[PDB]
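Asker: I am attaching a structure below and will ask some questions about it afterwards.
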Amino acid sequence: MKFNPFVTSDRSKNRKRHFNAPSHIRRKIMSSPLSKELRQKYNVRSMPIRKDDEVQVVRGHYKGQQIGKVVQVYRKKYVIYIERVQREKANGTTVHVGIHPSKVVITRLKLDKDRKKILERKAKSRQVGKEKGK
Amino acid sequence: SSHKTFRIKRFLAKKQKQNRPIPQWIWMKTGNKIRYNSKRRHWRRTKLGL
Amino acid sequence: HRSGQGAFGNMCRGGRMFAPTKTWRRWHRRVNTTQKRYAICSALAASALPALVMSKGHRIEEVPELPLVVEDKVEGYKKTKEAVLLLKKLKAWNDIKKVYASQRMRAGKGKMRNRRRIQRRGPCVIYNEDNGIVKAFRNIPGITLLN
Amino acid sequence: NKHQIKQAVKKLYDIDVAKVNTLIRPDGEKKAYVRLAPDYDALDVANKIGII
Amino acid sequence: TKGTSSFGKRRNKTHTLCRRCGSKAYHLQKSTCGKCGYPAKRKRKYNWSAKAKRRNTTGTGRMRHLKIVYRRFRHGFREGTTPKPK
Amino acid sequence: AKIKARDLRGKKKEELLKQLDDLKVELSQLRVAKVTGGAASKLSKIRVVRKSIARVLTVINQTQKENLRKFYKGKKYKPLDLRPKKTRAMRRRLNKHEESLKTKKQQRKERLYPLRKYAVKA
RNA sequence: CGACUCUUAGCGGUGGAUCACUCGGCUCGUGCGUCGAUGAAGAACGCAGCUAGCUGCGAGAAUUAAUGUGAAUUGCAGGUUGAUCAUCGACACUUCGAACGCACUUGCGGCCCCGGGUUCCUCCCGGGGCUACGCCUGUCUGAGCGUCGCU
RNA sequence: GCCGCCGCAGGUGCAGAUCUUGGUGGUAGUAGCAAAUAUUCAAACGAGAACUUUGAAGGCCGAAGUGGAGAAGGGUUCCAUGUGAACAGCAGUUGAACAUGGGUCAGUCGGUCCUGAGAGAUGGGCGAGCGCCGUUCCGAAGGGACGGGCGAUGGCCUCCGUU
RNA sequence: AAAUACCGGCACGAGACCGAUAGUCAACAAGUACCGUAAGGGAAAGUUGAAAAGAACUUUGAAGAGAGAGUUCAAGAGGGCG
RNA sequence: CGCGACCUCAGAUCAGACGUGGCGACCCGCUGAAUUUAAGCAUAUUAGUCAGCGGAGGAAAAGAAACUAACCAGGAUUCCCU
């Protein structure tokens, strides 16, 4: 159970905290998992998706083994666009099609100065919590 | 009237500025709702008071 | 639109209901000290006759015995993996396993007022000093602890 | 004012004025007609600023 | 003659814009407002019409000094200081 | 050359106003364009140049109003802009002093009769 | 034979019940308990590249700084030395309104000091600062065949 | 998304109340588009002419006008470029509709500036109270001037505004 | 000072309640469209789909209206569309 | 006639500080109905309630007795049970 009586177990509010939200904490409701050799490496499991991260789809018509690549993150609509994940519209000219990022998996991280800062903080609270209770 | 106050002229000027139809890129957006406008005023039917 | 057009009347569109509801209804009741007392001895003796406990569905056909008792080393278990292994020893896991099945969606408005997933009652456990026993069971559905 | 306006057309394009008539439109802004001097020229200064 | 012939003798106004409530209801000959009594030092309002008061109280308009008292309140009316630099 | 406001602060008081009055002519031609003819590189630029000025007008004041409130820092009377200010009926409250005060008799009654510490036994 | 008249069924019209969904109400509880001459609540007019309404904001006008967040906003075009987003502590807020020079026609004044006609030289066109009632503490100028005083 | 068995709980069963709200019939392609004399022939724009546009005929208003210009009141309806959905009780090429784009310049023509019947502050007085009565009536209600004189400005304190 | 009161305000947590003729007048540009000289009076109005993939090309027509192509699991879901 | 002290009373854009107005759900001070009950109705009832006017606060107001008693005496004020 949630015990703390300043948190709600209420449908209607929860969806109104979700569907009237901001353009900043929408970076980590749209986060997505690392692959099976970036769980083994950094000590980081999920992560916020970004601009030039590489990715597989895993669910829908468009799944399978192709490491494509993200072109844009359309926060206002809870969905990313990916390189060759696209389709042909009624005048010939192809569109993009969007994928929510539960249904995706990262395959190359954009590694900046400030991105490595979320990677090496999350390899402390996983490792104090593991060490303190073992 | 042709003669007027500075004040009343200013009043009738706010209203023209208003009464003219929507620009339709306002219903090309994301989540939008507005079909057209029904606040549009026409001088033979309704009257402004004043 | 609204004009010359029905106003107060349990018949009217808009317009009051018949005998509006009041907070100062009698929401509670009381009982004697010795009928809330009379009715525990009754709920205790019928949870023994073992032909009664079956008819509350429970999954007892393999339970060693009785009204079941245990050494005082169950009061201090904080782990559920100890308390699950423990529930399989005494041969009553099958009642939890009836509880895992029993989980489902409900019928009705119930839903839109957040009483959504419903499910069965299981075994329930009675103890003298909570030394950790609440932590070890409290995640396994269907279990009440009870001092 | 008229008096105010007449120095603002004077002290930014450099140019001396004859007279500055005004009125106020049904949309509600002030529109000043600015006569100019004979030694000065009107199509010529108009190019400098951009209105052609 | 009482009806519709005399409805055609109209070319004049009793009221106009008040300049406080702003409400076309300021009676020229008598010179106070019908809604607020403008010359009067306080307001007009009343306890026999309540749907009258709740067109028009502190929630209604902008609140433009007030909506930032409430916000300024809850830490401890902090004045003068500024947050630590970089 | 984007005007980043950190490095507009140390410079000298006058030198700004030259730079203010070039963003008031690096604008003015953008309301002739829009009116005459086209050009989005003219049209969207408008809304930088607004900001670029309101960046300059703020620095100017910040620092000036600073000058004053350090040119009245110890003084007893001082202008109405530059005083203690939060809430009206908080202004009128009594002072830190006027709520300390002890008369000699209460200084004397609290002297001999302050409150003890003790414990009953069982 | 045929039209028409009535019944029933199939498929179509017309209409928006019923069912299923819900970022909205209703009721109970807890906690704090903050408006104003330093210009409130309320009004009015203004502010977007494309923009009328709700929103948010004031000639610094969908906002400026700073602290935090760390790569958007998006309906189309154009534009990492910190985008966009929350925090709000430094800066700023048209005209009315208890509303304050006099008056409600957006009309007539008085007092000083500043830049221009200047070479204060009044009048002239601009820019700034004071010009409401009531009342308390004390300071200045005074009135009284009120009560006394000494030449 | 839902239902049976044992128990609980209630804003729990419609033909009707000239009952409430919404929708649809017969009557019915029926009543009807009748007040103030009147039209017709040719062309040219067009996918469409009894009605719009030009030209010719015959007519009415008849200067107490179906003529020319204003004040209240309306608030852009003024003017050109288009459109043919809806509206303008047959029709539209038309329109005071719709959509886009223009249009109201003053010392000498008004308001301001003075009073009229009348509206109304202060002194006073009435009042539990917001407030009311009263307007010359129980008020120390004039803040200005040409000169006489003391001592201070400005431009050669010469001569005068300025205290 | 405390033990008391709190259908206005600022934040919060629940419900053997109501579910769009209900529930607040207000689920939506509501104290908004509109009416009254003025005091005041005051509505109606939720739902394509998983995604716009919102039907290129042809053909009759002056135009709305159509015939065939086509997207979708479906148009027997075609922009007031369960 | 002058000079000086007091008392009672003018005027200032004199130096520095205060009041007005708002919201009003709970609190304090005033003023104050009739429908309706009596099977009619005038006293009674509604009710010191509705509407009116005034002043506040985070609570207000009350408050350490010109107090209850009739006892083998309780010992400011508010609040619940009785």
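Residues are referred to by chain and number: the chain letter is A, B, ... according to the order shown in the structure tokens, the number counts from 1 in that chain, and ligands are numbered separately from 1 in the order shown.
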Check which residues of chain D sit at most 7 Å from chain B using only C-alpha atoms, and return one row each with the closest pair of atoms and their distance in Å to one decimal, ordered by chain and rising number, as CSV.
Answerer:
```
residue,atom,partner,partner_atom,distance
D:26,CA,B:13,CA,5.6
D:27,CA,B:13,CA,4.8
D:28,CA,B:13,CA,5.7
```
Asker: Find the residues around residue G:15 up to 12 Å (only C-alpha atoms (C1' of nucleotides) counted), leave out those fewer than 4 positions away in its own chain, and share them as a PyMOL selection string.
Answerer: chain H and resi 22-24
Asker: Write the residues of the selection above to a file with C-alpha atoms (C1' of nucleotides), as a PDB file, in the first residue's frame.
Answerer:
```pdb
ATOM      1  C1'   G H  22     -36.905  16.842 -25.967  1.00  0.00           C
ATOM      2  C1'   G H  23     -38.664  14.792 -30.781  1.00  0.00           C
ATOM      3  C1'   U H  24     -42.946  13.626 -34.652  1.00  0.00           C
TER       4        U H  24
END
```
Asker: Considering only C-alpha atoms (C1' of nucleotides), state which residue in the set B:20, B:44, B:25, B:50 is at the smallest distance from residue G:53.
Answerer: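 Checking each candidate against residue G:53, we get B:20 as the closest.
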Asker: Calculate how many Å separate atom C1' of residue I:12 from atom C1' of residue J:26, rounding to one decimal.
Answerer: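 Separation of atom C1' of residue I:12 and atom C1' of residue J:26: 21.8 Å.
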Asker: May I have all residues of chain A that DSSP, computed from the backbone, assigns to strand (DSSP E or B), given as number ranges by chain?
Answerer: A: 32-33, 46-47, 54-56, 68-73, 80-87, 95-99, 105-108
Asker: Store the residues of this selection in a file with N, CA, C and O atoms, as a compact mmCIF listing (two decimals), in the first residue's frame.
Answerer:
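Saved as result_38.txt:
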```
# COMPACT_ATOMS: atom_id res chain seq x y z
N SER A 32 12.78 5.38 -20.88
CA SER A 32 12.75 4.07 -21.51
C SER A 32 13.96 3.24 -21.08
O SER A 32 14.93 3.79 -20.56
N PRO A 33 13.89 1.90 -21.25
CA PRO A 33 14.93 1.03 -20.69
C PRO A 33 16.22 1.01 -21.45
O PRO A 33 16.24 1.26 -22.65
N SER A 46 16.54 2.23 -16.61
CA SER A 46 15.79 3.09 -17.49
C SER A 46 16.55 4.41 -17.60
O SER A 46 17.55 4.62 -16.91
N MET A 47 16.09 5.29 -18.47
CA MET A 47 16.78 6.54 -18.74
C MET A 47 15.86 7.40 -19.56
O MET A 47 15.02 6.88 -20.30
N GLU A 54 19.92 5.95 -30.18
CA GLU A 54 19.50 4.86 -31.06
C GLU A 54 18.66 3.86 -30.28
O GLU A 54 18.75 3.75 -29.07
N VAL A 55 17.88 3.10 -31.03
CA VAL A 55 16.65 2.52 -30.53
C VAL A 55 16.18 1.35 -31.40
O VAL A 55 16.31 1.38 -32.63
N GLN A 56 15.60 0.34 -30.75
CA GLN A 56 14.73 -0.61 -31.43
C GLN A 56 13.29 -0.37 -31.02
O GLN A 56 13.04 0.05 -29.88
N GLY A 68 17.49 1.55 -35.73
CA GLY A 68 17.24 2.86 -36.32
C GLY A 68 17.68 3.97 -35.39
O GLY A 68 18.63 3.81 -34.62
N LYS A 69 17.00 5.11 -35.45
CA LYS A 69 17.42 6.28 -34.69
C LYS A 69 16.33 7.36 -34.57
O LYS A 69 15.61 7.64 -35.54
N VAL A 70 16.27 7.98 -33.38
CA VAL A 70 15.26 9.02 -33.02
C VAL A 70 15.51 10.31 -33.82
O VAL A 70 16.65 10.76 -33.91
N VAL A 71 14.47 10.90 -34.36
CA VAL A 71 14.62 12.20 -34.96
C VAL A 71 13.99 13.29 -34.11
O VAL A 71 14.60 14.34 -33.98
N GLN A 72 12.80 13.08 -33.55
CA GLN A 72 12.29 14.08 -32.62
C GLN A 72 11.31 13.61 -31.59
O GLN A 72 10.51 12.71 -31.84
N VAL A 73 11.34 14.30 -30.45
CA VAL A 73 10.63 13.95 -29.23
C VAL A 73 9.48 14.94 -29.02
O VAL A 73 9.69 16.06 -28.58
N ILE A 80 7.70 9.65 -29.59
CA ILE A 80 8.95 9.94 -30.33
C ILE A 80 8.76 9.59 -31.77
O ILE A 80 7.82 8.87 -32.09
N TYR A 81 9.62 10.09 -32.66
CA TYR A 81 9.66 9.63 -34.06
C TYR A 81 11.03 9.06 -34.32
O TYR A 81 12.02 9.52 -33.78
N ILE A 82 11.05 8.04 -35.16
CA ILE A 82 12.21 7.21 -35.35
C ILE A 82 12.48 7.21 -36.84
O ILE A 82 11.57 7.48 -37.64
N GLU A 83 13.72 6.91 -37.21
CA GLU A 83 14.21 7.08 -38.57
C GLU A 83 13.33 6.50 -39.68
O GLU A 83 12.67 7.25 -40.39
N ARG A 84 13.31 5.18 -39.83
CA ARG A 84 12.61 4.59 -40.95
C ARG A 84 11.24 4.08 -40.54
O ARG A 84 10.54 3.51 -41.36
N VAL A 85 10.85 4.30 -39.29
CA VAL A 85 9.49 4.02 -38.87
C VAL A 85 8.60 5.12 -39.43
O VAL A 85 8.50 6.20 -38.85
N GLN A 86 7.96 4.81 -40.56
CA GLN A 86 7.18 5.79 -41.35
C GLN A 86 6.16 5.12 -42.24
O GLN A 86 6.10 3.90 -42.28
N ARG A 87 5.35 5.91 -42.94
CA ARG A 87 4.35 5.33 -43.85
C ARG A 87 3.92 6.29 -44.96
O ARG A 87 4.08 7.50 -44.84
N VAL A 95 4.89 10.10 -44.27
CA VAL A 95 4.78 10.84 -43.01
C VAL A 95 5.82 10.23 -42.05
O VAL A 95 6.63 9.41 -42.48
N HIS A 96 5.84 10.65 -40.79
CA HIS A 96 6.36 9.80 -39.72
C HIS A 96 5.24 9.17 -38.93
O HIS A 96 4.12 9.68 -38.96
N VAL A 97 5.52 8.05 -38.26
CA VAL A 97 4.59 7.47 -37.28
C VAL A 97 5.29 7.39 -35.94
O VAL A 97 6.48 7.06 -35.87
N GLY A 98 4.52 7.68 -34.89
CA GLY A 98 5.03 7.84 -33.54
C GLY A 98 4.83 6.66 -32.60
O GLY A 98 3.81 5.94 -32.64
N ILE A 99 5.81 6.49 -31.73
CA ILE A 99 5.90 5.41 -30.78
C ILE A 99 6.13 5.97 -29.38
O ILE A 99 7.01 6.78 -29.16
N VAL A 105 13.43 0.37 -27.14
CA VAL A 105 14.56 0.20 -26.24
C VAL A 105 15.85 0.80 -26.78
O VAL A 105 16.31 0.49 -27.89
N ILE A 106 16.43 1.65 -25.94
CA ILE A 106 17.63 2.38 -26.27
C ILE A 106 18.71 1.39 -26.70
O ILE A 106 18.74 0.25 -26.24
N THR A 107 19.58 1.86 -27.59
CA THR A 107 20.69 1.06 -28.11
C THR A 107 22.03 1.81 -28.31
O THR A 107 23.05 1.13 -28.47
N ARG A 108 22.04 3.16 -28.34
CA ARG A 108 23.27 3.99 -28.16
C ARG A 108 22.94 5.29 -27.45
O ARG A 108 22.11 6.04 -27.96
```
Asker: Counting only C-alpha atoms, which residues of chain B fall within 12 Å of chain A, and what is the closest atom pair for each with its distance in Å at one decimal, ordered by chain and rising number, as a tab-separated table?
Answerer:
```
residue	atom	partner	partner_atom	distance
B:29	CA	A:76	CA	11.6
B:30	CA	A:77	CA	8.5
B:31	CA	A:77	CA	9.6
```
Asker: At a cut-off of 10 Å, which residues of chain G touch chain C? Count only C-alpha atoms (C1' of nucleotides) and give the answer as a list in words.
Answerer: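 Listing them in order of chain and number gives residues 21, 22, 27 and 28 of chain G.
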Asker: Show me, as JSON lines, the residues of chain H having an atom within 12 Å of chain D, each with the closest atom pair and its distance in Å, using only C-alpha atoms (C1' of nucleotides).
Answerer:
```
{"residue": "H:75", "atom": "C1'", "partner": "D:26", "partner_atom": "CA", "distance": 9.8}
{"residue": "H:76", "atom": "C1'", "partner": "D:26", "partner_atom": "CA", "distance": 8.2}
{"residue": "H:103", "atom": "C1'", "partner": "D:25", "partner_atom": "CA", "distance": 9.8}
{"residue": "H:104", "atom": "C1'", "partner": "D:25", "partner_atom": "CA", "distance": 7.8}
{"residue": "H:105", "atom": "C1'", "partner": "D:21", "partner_atom": "CA", "distance": 5.2}
{"residue": "H:106", "atom": "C1'", "partner": "D:21", "partner_atom": "CA", "distance": 8.6}
```
Asker: Can you work out which one of G:76, G:142, G:38, G:105 has the shortest atom-to-atom distance to residue F:83, counting only C-alpha atoms (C1' of nucleotides)?
Answerer: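 The shortest atom-to-atom distance to residue F:83 comes from G:38.
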Asker: Show me, as a tab-separated table, the residues of stretch 26-144 of chain G having an atom within 12 Å of stretch 33-51 of chain E, each with the closest atom pair and its distance in Å, using only C-alpha atoms (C1' of nucleotides).
Answerer:
```
residue	atom	partner	partner_atom	distance
G:41	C1'	E:43	CA	11.3
G:42	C1'	E:43	CA	10.6
G:43	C1'	E:36	CA	11.8
G:97	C1'	E:38	CA	9.6
G:98	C1'	E:41	CA	6.9
G:99	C1'	E:41	CA	10.6
```
Asker: Please report as a count of residues only which residues of chain J come no farther than 8 Å from chain E, using only C-alpha atoms (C1' of nucleotides).
Answerer: 3
Asker: Would you tabulate, counting only C-alpha atoms (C1' of nucleotides), all residues of chain I that have an atom at most 12 Å from an atom of chain E, showing the closest pair of atoms and their distance in Å to one decimal, sorted by chain then ascending number, as a Markdown table?
Answerer:
```
| residue | atom | partner | partner_atom | distance |
| --- | --- | --- | --- | --- |
| I:8 | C1' | E:58 | CA | 10.4 |
| I:9 | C1' | E:70 | CA | 9.7 |
| I:10 | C1' | E:70 | CA | 6.8 |
| I:11 | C1' | E:74 | CA | 9.9 |
| I:25 | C1' | E:51 | CA | 10.0 |
| I:30 | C1' | E:55 | CA | 11.2 |
| I:31 | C1' | E:55 | CA | 6.2 |
| I:37 | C1' | E:14 | CA | 6.3 |
| I:38 | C1' | E:25 | CA | 6.5 |
| I:39 | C1' | E:34 | CA | 7.5 |
| I:40 | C1' | E:52 | CA | 8.4 |
| I:41 | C1' | E:51 | CA | 10.7 |
| I:42 | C1' | E:51 | CA | 11.2 |
```
Asker: Specify as a list in words all residues of chain G found within 12 Å of chain F, counting only C-alpha atoms (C1' of nucleotides).
Answerer: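 Those within range of chain F come out as residues 34, 35, 36, 37, 38, 39, 40, 48, 49, 50, 59, 60, 61, 62, 63, 64, 65, 66, 77, 78, 79, 81, 82, 90, 91 and 92 of chain G.
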Asker: May I have the residues within 12 Å of residue H:42 as an MDAnalysis selection string, using only C-alpha atoms (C1' of nucleotides) and disregarding those fewer than 6 positions away in the same chain?
Answerer: chainID H and resid 54:57
Asker: Export N, CA, C and O atoms (P, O5', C5', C4', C3', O3' and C1' of nucleotides) of the chosen residues as a PDB file, in the first residue's frame?
Answerer:
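Output saved as again-v1.pdb:
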```
ATOM      1  P     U H  54     -28.087  51.523 -66.156  1.00  0.00           P
ATOM      2  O5'   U H  54     -27.661  51.356 -67.679  1.00  0.00           O
ATOM      3  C5'   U H  54     -26.557  52.085 -68.196  1.00  0.00           C
ATOM      4  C4'   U H  54     -26.371  51.815 -69.658  1.00  0.00           C
ATOM      5  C3'   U H  54     -27.316  52.573 -70.554  1.00  0.00           C
ATOM      6  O3'   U H  54     -27.010  53.957 -70.666  1.00  0.00           O
ATOM      7  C1'   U H  54     -27.147  50.351 -71.307  1.00  0.00           C
ATOM      8  P     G H  55     -28.043  54.898 -71.424  1.00  0.00           P
ATOM      9  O5'   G H  55     -27.855  54.452 -72.935  1.00  0.00           O
ATOM     10  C5'   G H  55     -28.301  55.320 -73.962  1.00  0.00           C
ATOM     11  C4'   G H  55     -29.260  54.611 -74.904  1.00  0.00           C
ATOM     12  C3'   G H  55     -30.729  54.996 -74.861  1.00  0.00           C
ATOM     13  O3'   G H  55     -30.971  56.293 -75.390  1.00  0.00           O
ATOM     14  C1'   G H  55     -30.535  52.698 -75.307  1.00  0.00           C
ATOM     15  P     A H  56     -32.268  57.086 -74.949  1.00  0.00           P
ATOM     16  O5'   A H  56     -33.381  56.324 -75.778  1.00  0.00           O
ATOM     17  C5'   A H  56     -33.379  56.423 -77.207  1.00  0.00           C
ATOM     18  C4'   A H  56     -34.530  55.631 -77.752  1.00  0.00           C
ATOM     19  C3'   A H  56     -35.894  56.060 -77.238  1.00  0.00           C
ATOM     20  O3'   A H  56     -36.382  57.160 -77.971  1.00  0.00           O
ATOM     21  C1'   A H  56     -35.698  53.726 -77.062  1.00  0.00           C
ATOM     22  P     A H  57     -37.618  57.954 -77.408  1.00  0.00           P
ATOM     23  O5'   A H  57     -38.810  56.903 -77.540  1.00  0.00           O
ATOM     24  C5'   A H  57     -40.146  57.271 -77.143  1.00  0.00           C
ATOM     25  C4'   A H  57     -41.089  56.094 -77.143  1.00  0.00           C
ATOM     26  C3'   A H  57     -42.227  56.221 -76.138  1.00  0.00           C
ATOM     27  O3'   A H  57     -43.260  57.011 -76.725  1.00  0.00           O
ATOM     28  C1'   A H  57     -41.153  54.126 -75.870  1.00  0.00           C
TER      29        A H  57
END
```
Asker: DSSP says helix (DSSP H, G or I) for which residues of chain F? Put them as a PyMOL selection string?
Answerer: chain F and resi 5-8+13-23+30-36+40-43+46-70+80-82+88-91+104-112
Asker: Write out as a tab-separated table the residues of chain A that have any atom within 12 Å of an atom of chain I, one row each with the nearest atom pair and its distance in Å to one decimal, counting only C-alpha atoms (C1' of nucleotides), sorted by chain and then rising number.
Answerer:
```
residue	atom	partner	partner_atom	distance
A:3	CA	I:13	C1'	11.7
A:4	CA	I:13	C1'	10.3
A:5	CA	I:13	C1'	6.6
A:6	CA	I:13	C1'	6.9
A:7	CA	I:13	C1'	8.1
A:8	CA	I:13	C1'	7.7
A:9	CA	I:14	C1'	9.8
A:10	CA	I:14	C1'	9.6
A:60	CA	I:50	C1'	10.1
A:61	CA	I:50	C1'	11.3
A:79	CA	I:51	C1'	11.5
A:86	CA	I:53	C1'	10.8
A:87	CA	I:53	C1'	8.1
A:88	CA	I:53	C1'	8.1
A:89	CA	I:53	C1'	6.5
A:90	CA	I:56	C1'	5.4
A:91	CA	I:56	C1'	4.2
A:92	CA	I:56	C1'	6.8
A:93	CA	I:56	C1'	9.7
A:94	CA	I:53	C1'	10.3
A:95	CA	I:53	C1'	9.4
A:96	CA	I:53	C1'	10.8
A:97	CA	I:51	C1'	7.8
A:98	CA	I:51	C1'	8.2
A:99	CA	I:51	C1'	9.8
A:100	CA	I:51	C1'	11.7
```
Asker: Keeping only N, CA, C and O atoms, take the residues you just selected and write them out as a short mmCIF file (atom, residue, chain, number, x, y, z; two decimals), in the first residue's frame.
Answerer:
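New file result_28.cif:
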```
data_model
loop_
_atom_site.label_atom_id
_atom_site.label_comp_id
_atom_site.auth_asym_id
_atom_site.auth_seq_id
_atom_site.Cartn_x
_atom_site.Cartn_y
_atom_site.Cartn_z
N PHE A 3 0.97 4.42 2.12
CA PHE A 3 0.49 4.76 3.46
C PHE A 3 0.44 6.27 3.59
O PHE A 3 -0.57 6.81 4.02
N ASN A 4 1.55 6.92 3.23
CA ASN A 4 1.71 8.37 3.33
C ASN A 4 0.47 9.08 2.87
O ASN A 4 0.15 9.03 1.67
N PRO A 5 -0.21 9.78 3.80
CA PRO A 5 -1.51 10.34 3.50
C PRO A 5 -1.43 11.72 2.84
O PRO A 5 -2.38 12.49 2.92
N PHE A 6 -0.29 12.03 2.22
CA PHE A 6 -0.25 13.07 1.23
C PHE A 6 0.07 12.48 -0.15
O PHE A 6 0.82 13.09 -0.92
N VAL A 7 -0.48 11.31 -0.46
CA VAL A 7 -0.48 10.81 -1.83
C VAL A 7 -1.77 10.13 -2.13
O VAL A 7 -2.29 9.43 -1.28
N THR A 8 -2.27 10.28 -3.34
CA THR A 8 -3.63 9.85 -3.65
C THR A 8 -3.74 8.56 -4.43
O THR A 8 -3.05 8.34 -5.41
N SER A 9 -4.70 7.76 -4.02
CA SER A 9 -5.10 6.57 -4.76
C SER A 9 -6.41 6.84 -5.52
O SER A 9 -7.39 6.08 -5.41
N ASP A 10 -6.42 7.93 -6.29
CA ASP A 10 -7.63 8.47 -6.97
C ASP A 10 -7.40 8.56 -8.48
O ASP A 10 -6.50 9.23 -8.96
N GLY A 60 4.13 -3.72 -31.53
CA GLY A 60 3.34 -3.21 -32.69
C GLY A 60 3.62 -3.89 -34.02
O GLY A 60 4.14 -5.01 -34.06
N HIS A 61 3.27 -3.21 -35.12
CA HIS A 61 3.57 -3.64 -36.51
C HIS A 61 5.09 -3.47 -36.86
O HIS A 61 5.62 -4.20 -37.71
N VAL A 79 5.15 10.86 -27.29
CA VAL A 79 5.56 10.06 -28.44
C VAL A 79 6.86 10.58 -29.14
O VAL A 79 7.06 11.79 -29.28
N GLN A 86 7.96 4.81 -40.56
CA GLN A 86 7.18 5.79 -41.35
C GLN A 86 6.16 5.12 -42.24
O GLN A 86 6.10 3.90 -42.28
N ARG A 87 5.35 5.91 -42.94
CA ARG A 87 4.35 5.33 -43.85
C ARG A 87 3.92 6.29 -44.96
O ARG A 87 4.08 7.50 -44.84
N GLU A 88 3.33 5.71 -46.00
CA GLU A 88 2.99 6.38 -47.26
C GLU A 88 1.56 6.96 -47.23
O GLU A 88 0.60 6.22 -47.05
N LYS A 89 1.43 8.27 -47.40
CA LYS A 89 0.13 8.96 -47.27
C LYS A 89 -0.52 9.01 -48.63
O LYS A 89 0.18 8.85 -49.64
N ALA A 90 -1.84 9.24 -48.66
CA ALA A 90 -2.65 9.27 -49.91
C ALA A 90 -2.19 10.14 -51.12
O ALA A 90 -2.76 9.97 -52.20
N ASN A 91 -1.21 11.05 -50.96
CA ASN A 91 -0.61 11.81 -52.12
C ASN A 91 0.83 11.37 -52.51
O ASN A 91 1.53 12.09 -53.22
N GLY A 92 1.23 10.18 -52.06
CA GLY A 92 2.59 9.69 -52.26
C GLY A 92 3.51 10.03 -51.10
O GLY A 92 4.26 9.15 -50.65
N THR A 93 3.47 11.28 -50.60
CA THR A 93 4.46 11.82 -49.61
C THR A 93 4.37 11.21 -48.21
O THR A 93 3.40 11.43 -47.50
N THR A 94 5.42 10.49 -47.82
CA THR A 94 5.39 9.71 -46.59
C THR A 94 5.48 10.59 -45.35
O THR A 94 6.10 11.65 -45.38
N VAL A 95 4.89 10.10 -44.27
CA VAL A 95 4.78 10.84 -43.01
C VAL A 95 5.82 10.23 -42.05
O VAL A 95 6.63 9.41 -42.48
N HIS A 96 5.84 10.65 -40.79
CA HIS A 96 6.36 9.80 -39.72
C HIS A 96 5.24 9.17 -38.93
O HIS A 96 4.12 9.68 -38.96
N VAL A 97 5.52 8.05 -38.26
CA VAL A 97 4.59 7.47 -37.28
C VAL A 97 5.29 7.39 -35.94
O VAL A 97 6.48 7.06 -35.87
N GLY A 98 4.52 7.68 -34.89
CA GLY A 98 5.03 7.84 -33.54
C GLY A 98 4.83 6.66 -32.60
O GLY A 98 3.81 5.94 -32.64
N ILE A 99 5.81 6.49 -31.73
CA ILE A 99 5.90 5.41 -30.78
C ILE A 99 6.13 5.97 -29.38
O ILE A 99 7.01 6.78 -29.16
N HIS A 100 5.32 5.55 -28.43
CA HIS A 100 5.46 5.95 -27.03
C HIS A 100 6.65 5.19 -26.49
O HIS A 100 6.92 4.09 -26.93
#
```
Asker: Could you list, as a short mmCIF file (atom, residue, chain, number, x, y, z; two decimals) with N, CA, C and O atoms, in the first residue's frame, every residue of chain B that has an atom within 12 Å of an atom of chain E, counting only C-alpha atoms?
Answerer:
```
data_model
loop_
_atom_site.label_atom_id
_atom_site.label_comp_id
_atom_site.auth_asym_id
_atom_site.auth_seq_id
_atom_site.Cartn_x
_atom_site.Cartn_y
_atom_site.Cartn_z
N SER B 1 -25.09 59.71 -34.11
CA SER B 1 -24.57 61.09 -33.91
C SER B 1 -23.28 61.25 -34.66
O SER B 1 -22.53 60.27 -34.79
N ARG B 7 -14.57 59.48 -25.21
CA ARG B 7 -14.78 58.24 -24.56
C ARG B 7 -15.66 57.32 -25.45
O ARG B 7 -15.23 56.18 -25.70
N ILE B 8 -16.81 57.77 -25.98
CA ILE B 8 -17.74 56.85 -26.68
C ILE B 8 -17.17 56.33 -27.97
O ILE B 8 -17.40 55.20 -28.34
N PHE B 11 -15.04 53.44 -27.31
CA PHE B 11 -15.85 52.29 -27.03
C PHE B 11 -16.25 51.60 -28.28
O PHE B 11 -16.15 50.39 -28.38
N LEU B 48 -25.92 46.65 -28.61
CA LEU B 48 -24.78 47.32 -27.95
C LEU B 48 -25.17 48.15 -26.73
O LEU B 48 -24.32 48.42 -25.87
N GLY B 49 -26.44 48.56 -26.64
CA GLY B 49 -26.97 49.29 -25.48
C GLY B 49 -26.53 50.74 -25.46
O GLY B 49 -26.97 51.54 -26.29
N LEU B 50 -25.68 51.07 -24.49
CA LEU B 50 -24.82 52.27 -24.49
C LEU B 50 -25.45 53.61 -24.14
O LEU B 50 -26.62 53.83 -24.45
#
```
